[PDB]
Each structure stands twice: as C-alpha cells, then as structure tokens.
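A.B. asks: Please see the structure below; I have some questions.
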Amino acid sequence: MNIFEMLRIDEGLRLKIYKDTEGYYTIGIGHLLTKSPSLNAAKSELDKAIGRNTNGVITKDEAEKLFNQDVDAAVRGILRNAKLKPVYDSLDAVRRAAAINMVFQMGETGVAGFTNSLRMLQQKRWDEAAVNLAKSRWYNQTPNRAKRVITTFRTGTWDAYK
Ligand SMILES: [Cl-]
Ligand SMILES: [Cl-]
Ligand SMILES: [Xe]
Ligand SMILES: [Xe]
Ligand SMILES: [Xe]
C-alpha cells in the first residue's frame with residue numbers, strides 16, 4: 001500500500017463533476033474545483049485545470065494527472081509549513097502517509113490547527129494522539145475515513161486499509 005492507493009480508496013474516482021461531502025464541486029480523485037455554488041464556475045475551473053473544453057467530463061488519465069499534481073502539492077505544502085514539517089520529518093513512512101491524507105483532505109491550514117495532536121504525534125504518544133484527533137469536527141463529519149486515518153497514526157501499519 002502507498003499514499004496513492006490509500007487516497008484512491010478514501011476519495012474514490014468520478015469522471016463527472018460531483019459534490020463532495022461538504023457539497024463542493026469536485027471531480028476525479030477528490031480534486032476540489034471550487035467552493036462556489038456555481039456549476040458554471042466549477043466548469044470554468046475544470047477546463048482551466050485540464051487545458052481543454054471538457055464539458056464537465058474528463059478521462060481517467062486526466063483524473064490521474066490531477067491526482068499526481070495534488071499529492072505532490074500536498075507533500076510539498078507540508079514541507080513548506082513550519083508547524084508541520086518538523087512533525088512530518090519525525091514520523092516513519094506509514095505515518096507520513098496518514099499526514100498527507102489529512103492535508104489532501106482538509107488543507108494544510110486545517111491540519112496545522114491540530115496543535116495538540118501534532119505535539120503528541122511528535123512525541124510518539126500514539127494512543128493519546130488518536131484520542132485527541134477524534135475530538136474534532138473532522139471525525140464527526142467523516143467518521144469512517146477519520147477512523148481509518150487515526151488507526152494508521154496509532155499503529156503505524158496499513159491494517160485499516162486491508
Ligand atoms: Cl490545478
Ligand atoms: Cl466517512
Ligand atoms: Xe504532520
Ligand atoms: Xe498531521
Ligand atoms: Xe495532525
């Protein structure tokens with residue numbers, strides 16, 4: 001298992017514009033197009049991201065390309081964030097994938113706000129971190145996904161995804 005397969009399981013794959021769990025227009029493997037309630041706005045953003053007139057529909061290869069760009073951007077964002085980088089660098093490979101999934105889902109600002117859990121992770125207090133991460137709007141809104149990510153930080157194995 002790796003970060004790509006992990007995220008492909010959590011995000012699914014959809015070739016037509018769809019609304020995500022928060023009701024925002026998205027396409028592909030969780031690629032958020034806009035927070036705007038406007039379908040046309042989402043369609044304009046899609047065409048711009050793909051480089052053609054897609055008419056709200058893309059191919060699998062195009063979805064995979066947006067996904068590659070999005071994973072890369074997510075990791076790079078962590079390395080560029082002063083509150084995140086030190087935590088991420090202290091983690092093992094498995095746990096780093098869990099950090100990346102959270103960032104892909106909620107953005108780096110969002111993750112950088114889990115101050116207390118960040119500290120627990122950095123000190124390798126796994127069970128404690130797991131309990132603190134669950135006290136969040138993130139966990140109450142997407143509990144199955146949050147549980148899988150949380151168990152990954154807690155155990156450092158891919159069991160939740162097998
Ligand atoms: Cl883009
Ligand atoms: Cl869920
Ligand atoms: Xe992190
Ligand atoms: Xe994190
Ligand atoms: Xe976190």
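Numbers here mean position along the shown chain, with the first residue as 1.
Heads up, the Cβ atoms here are built off N, Cα and C, so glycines get one too.
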A.B. asks: Among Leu15, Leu32, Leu33, find me the residue Swiss-Prot lists at the same substrate site as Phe104, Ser117, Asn132.
C.D. replies: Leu32
A.B. asks: Among all protein chains shown, how many Cβ atoms are found within 10 Å of the Cβ of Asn132 (substrate binding site), not counting that one?
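C.D. replies: That number is 19.
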A.B. asks: Which residues of the same chain, at least 6 positions away in sequence, have a Cβ lying under 8 Å from the Cβ of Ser117 (substrate binding site)?
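C.D. replies: Set apart from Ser117 (substrate binding site) by at least 6 residues yet with Cβ under 8 Å, we have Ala129, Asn132, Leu133.
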A.B. asks: Taking the Cβ of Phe104 (substrate binding site) as reference, which residues of that chain separated by at least 6 in sequence fall under 8 Å from it?
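C.D. replies: Those within reach of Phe104 (substrate binding site), by Cβ under 8 Å and sequence separation of 6 or more, are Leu7, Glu11, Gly30, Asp70, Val71, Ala74.
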A.B. asks: What is the separation, in Å, between the Cα atoms of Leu32 (substrate binding site) and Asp20 (active site, proton donor/acceptor)?
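C.D. replies: Pair distance, Cα basis, whole Å: 8 Å.
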A.B. asks: Tell me the Cβ neighbour count for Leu32 (substrate binding site), meaning other Cβ atoms within 10 Å of its Cβ, over all protein chains shown.
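C.D. replies: Here the count is 18.
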